[PDB]
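So the protein lines, in turn, are chains A, B, C and D. Residues 1 to 81, 88 to 335, 341 to 351 (the UniProt record's numbering) make up the first sequence, in order. Residues 1 to 81, 88 to 336, 340 to 351 (the UniProt record's numbering) make up the second sequence, in order. For the UniProt record's numbering, count along the third sequence from 1 and bump the result up by 486. For the UniProt record's numbering, count along the fourth sequence from 1 and bump the result up by 486. Where a beta carbon is used, it is the ideal one built from N, C-alpha and C, also for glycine. For reference, the structure is listed below as structure tokens.
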Amino acid sequence: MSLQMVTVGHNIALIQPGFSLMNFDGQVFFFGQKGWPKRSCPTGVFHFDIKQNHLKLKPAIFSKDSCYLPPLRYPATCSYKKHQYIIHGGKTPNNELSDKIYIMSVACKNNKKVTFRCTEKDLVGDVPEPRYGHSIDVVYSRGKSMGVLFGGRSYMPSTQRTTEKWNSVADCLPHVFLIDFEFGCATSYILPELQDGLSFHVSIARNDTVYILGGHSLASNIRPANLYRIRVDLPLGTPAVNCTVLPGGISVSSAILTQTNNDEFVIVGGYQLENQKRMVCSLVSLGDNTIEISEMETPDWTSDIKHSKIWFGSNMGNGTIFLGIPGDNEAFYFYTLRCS
Amino acid sequence: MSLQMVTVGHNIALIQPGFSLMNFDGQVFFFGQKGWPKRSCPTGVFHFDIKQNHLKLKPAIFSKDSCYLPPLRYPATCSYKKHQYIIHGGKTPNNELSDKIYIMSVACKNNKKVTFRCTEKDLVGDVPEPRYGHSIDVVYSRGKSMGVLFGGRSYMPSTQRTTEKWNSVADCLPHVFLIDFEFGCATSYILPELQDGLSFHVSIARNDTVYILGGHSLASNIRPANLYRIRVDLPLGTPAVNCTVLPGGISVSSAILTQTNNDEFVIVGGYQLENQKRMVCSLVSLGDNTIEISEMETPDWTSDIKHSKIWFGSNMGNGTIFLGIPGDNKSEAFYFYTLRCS
Amino acid sequence: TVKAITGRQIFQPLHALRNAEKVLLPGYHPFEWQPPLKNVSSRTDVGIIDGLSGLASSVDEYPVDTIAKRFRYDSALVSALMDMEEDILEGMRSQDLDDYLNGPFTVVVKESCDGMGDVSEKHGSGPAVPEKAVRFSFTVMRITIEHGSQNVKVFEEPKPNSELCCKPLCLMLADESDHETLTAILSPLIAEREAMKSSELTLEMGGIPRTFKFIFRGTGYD
Amino acid sequence: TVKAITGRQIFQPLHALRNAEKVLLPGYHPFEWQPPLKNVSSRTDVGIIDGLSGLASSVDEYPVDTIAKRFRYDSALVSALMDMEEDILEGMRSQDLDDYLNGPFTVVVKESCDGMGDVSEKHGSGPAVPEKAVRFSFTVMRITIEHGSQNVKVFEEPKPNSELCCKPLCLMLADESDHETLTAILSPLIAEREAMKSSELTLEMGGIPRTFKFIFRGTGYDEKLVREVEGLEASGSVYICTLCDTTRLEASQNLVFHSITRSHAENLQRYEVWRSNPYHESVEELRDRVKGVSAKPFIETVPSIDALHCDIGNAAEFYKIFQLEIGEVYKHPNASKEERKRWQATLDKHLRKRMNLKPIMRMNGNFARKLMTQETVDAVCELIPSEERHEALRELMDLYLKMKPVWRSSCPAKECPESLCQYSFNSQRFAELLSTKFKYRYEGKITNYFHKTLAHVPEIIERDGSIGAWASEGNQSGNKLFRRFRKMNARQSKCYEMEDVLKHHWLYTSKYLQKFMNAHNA
DNA sequence: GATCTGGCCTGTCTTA
Ligand SMILES: [Ca+2]
Ligand SMILES: [Ca+2]
Ligand SMILES: [Zn+2]
């Protein structure tokens, strides 16, 4: 709980609301820059570096058998354990919602010179509709890793999408998918407890139960104060799921989740109401089948933040939050936040 | 016979056409800036110094008993022998003409610092009307000095001056005026060989004679190639003035006069016709009573002067000539070239 | 002043002109495409609509701070054809044809676009508008009928680069380098263009239905 | 179009209008001065006289790179008076005065001069003219007649700040700081002005020869041009006020008691002392004696205050005070530039989100008027953590709003007499507030317009009558018309645009036509 | 041979 300014270099324009700070062995990496990649970095993947409260951005290349992916703006990022990440969904700079899974993995490194491997993976069966503002998590159950995906929001289907409302977006159907990363099979499930869709939520992952918290519903235009839980099982045959509501929910839209300690997740403010900005932070501590929430001691916020209307950011991995404030007319003031 | 590029400092705007450089024991001093004197220098007189072909200006102060003079754009400079100069006529920053006469001098010197004594001098008798673009010289006749004034333009008289032709100029009368520096008195002398008013000419002086070269005449719009020999004499009574026309004239207006050595001057610049700017030089020779105007080598002019339209400058004293040309504007307003001839 | 001095109504009041304007503006004349337009409605009374095309403006999603106004392409072309009916009829009469002909016409167009800098911003309420501007226009070039066994032109533009024939279509205040906003604004127009590149129009000229098919060409791009 | 469609002529052709224009333009009505004008021709048919006034343009003479056009001053006055015949007649008829009276009317005229900028140069042949443009205009303000032992106000302009009554006089293309060309062009105008300032005009309108006497006033001059023409240094000097001769420190100490002793002949005397130096003093002693005069004056101006620039300066100063208040400078006398940048950005964003305003480079006019509200003080106090600062700013803005209507109304003695009667106390409390609870900024320094507002406003109000009806904002409004006319209503040639723009802007400010457009109101 | 002086610069404020 300590704020600090950040002096960025020259390429501040390459940062936009909706980026993703992927982490690989302490080396935080950038993704999702504004516009198509120029000739300074045809890959669009940058190596984050903060020293003496100063920020620098340098390019990075891929392997000889990689796939140059377009820079997305709202993907679903999740860790995996061979440490690699999963990218799904997103919004291309041409507003074309991608429905293809990309996998990041470091394949070579020598004196601060890395080389990624962006493989390509499609899906079969109950493939998800291309969307954004959603989340995906991995689940370990009985010596097996399975990916759980939750619905988000997307454009109108190819039938009712009229030109007068070509950019209208509604919440997707609240289903639950199981994606096998080894094979690429996605199976569609239906849960009676999940009544309506949800987007921009927070998905907390653990051994075998995913914790959904907060979000925003576009249909009813309401920010619920509920928290959900999805336990699953991986028997020798067909899987099994579950979902039950829980008391003590939190109403947050587009939060930023990070990890302070093992089984001790802290969360920062998001959006409380439409024109009201969340300020106080919460703390999530888990047991075995329990939860815990508590209003922490809010950090000393600056005057510019106490009146800014829009703010964004993401996680850094090392218990640190990188958020930004829009300027005027240089264009984005960037602050950092450390937890414990 | 060399032409050199000159780099100027920050206040290049303080130089305008019509200035008058003054020399004092190897030190050239600038005068006649643009506009009223600002707070960077409450006097206007600046120190002229060129080091490694670079130009830098330096302000200067006056003495206690001085008289703060306004800038003048077309005075009548004249050397004198302690050492001192004479300033007469010119155009005030308010486009008005000044009939007053000034006597600059040196008051003190300590570590390259010079103090002046600007003293206004009263003129009584046949005072001339306020003029500009003329010349004045000093003649020596039997251990006595006397100032010779001739030429100059001026506005219309007080009666005929109308606000529809408020800026119309007319050549003054060809009268010759002897100015006495001791009593501060003048006297009007008329000459029969003088019929057309002349302006922007060149006055070459000698022991007791002064010579006239070129100029312009508004009454006829002609640049005559005249050569007048005025021999002022100072007897124990009333002075004597005589004129004489001589062959071998030059058709030039607003030329630059410099002194490489005694009894020989160098003339460069000016104009032959309205749009035909003079390019060739001219060498004179002052004998006992004769004069010989001849051609010399033509210095290598760059591509800027050959296709320019106007230029200005004055003498520096050490056989060098300060020359400037109009630059661009959006950039540097002017360029400046020094010329060497010795 | 004219009515006060003379005492006779030589000109009509402002409301008469405001009422007469509704005849020339698009979304007034009925029409119908042969093969129904894909992803396009059938309302023939669609005038000036918001250029954002229903883009979300919530604080949660990608912040948008640009305003836009535009017509609908097909209605724009219908209004353009209604505007130049007399010229088409005169061209048909000149080439020794019949006025009651309804053969499939061919209309080629020329699209254009450019970014405009130095467009000051006003005070007041609303989103933060950037100090730029981007336009989008089109222009018909030559109308051709297929008579007999070959083709012949009916109406070609005499002054191709004249401002008097540059029909505006879309207007917005955004940077020409803001690729995201630019695509978000121009994607509906491109979708309409793609849908219209494989259809035919039925239109009434002088009381007789006519057939139209288009050939799009975009060259006015630096 | 109308003639071809309607088959008749509702309108007249162009040549008829051209022929009719020659009546409103100067040089068409006879007149004569009973005292002959010195150095001014008595001919009465001159039109657009060249601006250069026959300046020598030879190659040997000082170079000329400017063009100018203008009228004769007296002919312009005659034309302006003949344009307002009906108004004067109706004023005499309404004030219970016989129309055939020919008393010695008195006319007061307001002059103005401003230097424009960013005027694009054109191609073609001619002299290389600069881009800065300068104009000079006048305005007939009020007229009285001496009936018995009184002075009946027969006519007063109802809108002394409208562009519809600012009649042009001269145009040129030169820098305002270029002191040579400026004087070379403005010398004949000042000459004619000083000449006719000692005569009387007679002419016959309505079949009766009348009598006129002029009393000119020069107030439409911004502070910079006042410093220039009156023979003063720049504004950043220590002698700040052009009405009183106090220094910076003495104006930052007293703030209250300052009379005015600064006439036009006094400047000439000051310059003569500075030139002759009769007491053979040093630089500093002689400068203190002359109170900072180093240039011969050439224009007789009225020692007044420009209301528009005063409002702009006050708004800018206040804005800076808000910036300093937000940053808590009184608590931390040290601050980096980046802190200043962030403070200004925060203030701009807050004013944008709470006052519907946008960031601007230079202080505007509408931004000034709209920034000076109680709700603005509230929005600014929404950022200050302290609470006494809040009340301080509240009292500051209250005093300023209490002092504002004095120097902004067309007649304070008849609209807001309470503010005028209570102006001295309010000004003293304002100065005391600044001195006590604003020491971090106003310790030993004060700008021009605070001194002007806190020192000389009551005296100017009680002497000249009103402030605001004598501002320079009319010339600024006319600058717009000049731009539009030069862009769309003139010959696109380098040696033909000036006379066309001058003629068109003269015709646009003729009340004779303004009466035809108001027919609906009959 | 440190020790002030002079001038050179340099950021800030004041009108536009
Ligand atoms: Ca362009
Ligand atoms: Ca101006
Ligand atoms: Zn004062």
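DSSP places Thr-592 (chain D) inside the beta strand (DSSP E), whose first and last residues are 590–601. Relative to the non-hydrogen atoms of ligand 1, the Cβ of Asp-797 (chain D) never comes closer than 7 Å to any of them.
The DSSP-derived three-state label of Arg-159 (chain A) is strand. The Cβ of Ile-491 (chain C) sits closer than 8 Å to at least one Cβ of chain D. DSSP lists A:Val-208 and A:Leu-233 as the beta-bridge partner residues of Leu-219 (chain A). The shortest C-alpha to C-alpha distance from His-54 (chain A) to any of A:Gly-18, A:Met-5 and A:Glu-280 is the one to A:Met-5.
When C-beta atoms of the segment 988–1003 of chain D are compared with those of the segment 566–581 of chain D, three or more pairs fall below 8 Å, so the two segments count as touching. Straight across, the Cα-Cα distance linking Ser-309 (chain B) with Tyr-346 (chain B) is about 13 Å. In this structure, DSSP gives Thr-125 (chain B) an extended state, which the three-state scheme calls strand.
Under a 10 Å Cβ-count criterion, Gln-33 (chain A) is classified as buried, with 16 or more other Cβ atoms of the shown protein chains found around its own Cβ. Annotated three-state conformation of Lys-835 (chain D) is helix, per DSSP.
Residue pairing from DSSP places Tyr-195 (chain A) in a beta bridge opposite A:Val-182. For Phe-343 (chain A), the enclosing beta strand (DSSP E) stretches over residues 343–349.
With respect to the 8 Å criterion, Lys-524 (chain D) and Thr-592 (chain D) are not classified as neighbours on the basis of their beta carbons. Look at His-54 (chain A): its C-beta is not under 8 Å from any C-beta on chain D.
In summary, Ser-543 (chain C) is exposed, with fewer than 16 beta-carbon neighbours lying within 10 Å of its beta-carbon over all protein chains present. Look at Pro-512 (chain C): its C-beta is not under 8 Å from any C-beta on chain A. The C-beta distance from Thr-552 (chain D) to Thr-669 (chain D) rounds to 12 Å, too long to meet the 8 Å contact threshold.
The DSSP-derived three-state label of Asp-310 (chain B) is helix. For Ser-104 (chain A) and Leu-659 (chain C), the gap between their C-alpha atoms comes out near 28 Å. Relative to ligand 1, even the nearest heavy atom lies 7 Å or more away from the CB of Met-658 (chain C). Every residue whose beta carbon comes nearer than 6 Å to a heavy atom of ligand 2 appears here in chain order: D:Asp-600, D:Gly-601 and D:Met-602.
The straight-line gap separating the alpha-carbon atoms of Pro-590 (chain C) and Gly-493 (chain D) is approximately 42 Å. Of the residues assessed, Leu-735 (chain D) falls on the exposed side of the cut-off, its CB having fewer than 16 other CB atoms within 10 angstroms. With contacts defined by Cβ atoms closer than 8 Å, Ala-801 (chain D) and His-836 (chain D) do not form a contacting pair.
Near ligand 3, meaning a Cβ closer than 6 Å to any of its heavy atoms, lie the following residues in chain order: D:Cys-727, D:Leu-729, D:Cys-730, D:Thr-732, D:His-744, D:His-937, D:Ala-941 and D:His-942. Take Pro-654 (chain C), set aside five residues on each side of it, and the residues of its chain with a beta-carbon closer than 6 Å to its own are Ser-623, in chain order. Contacts with chain B at 8 Å (Cβ-Cβ) do not include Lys-683 (chain D). Approximately 6 Å separates the beta-carbon atoms of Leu-833 (chain D) and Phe-808 (chain D); this is inside 8 Å, confirming the contact.
Here DSSP, grouped into helix, strand and coil, assigns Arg-529 (chain C) to coil. Annotation for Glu-771 (chain D): the continuous alpha helix (DSSP H) segment containing it runs 769–776.
Cα atoms of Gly-717 (chain D) and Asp-306 (chain A): separation of roughly 57 Å, rounded to the nearest angstrom. Look at the segment 490–552 of chain D and you find these whole runs of alpha helix (DSSP H), each 4 residues long or longer: 500–510. With respect to chain B, the C-beta atom of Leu-538 (chain D) has a partner C-beta closer than 8 Å. Between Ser-979 (chain D) and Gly-610 (chain D), the CB-CB gap stays under 8 Å. In the DSSP annotation of this structure, the continuous segment of the beta strand (DSSP E) that includes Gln-4 (chain A) starts and ends at 2–6.
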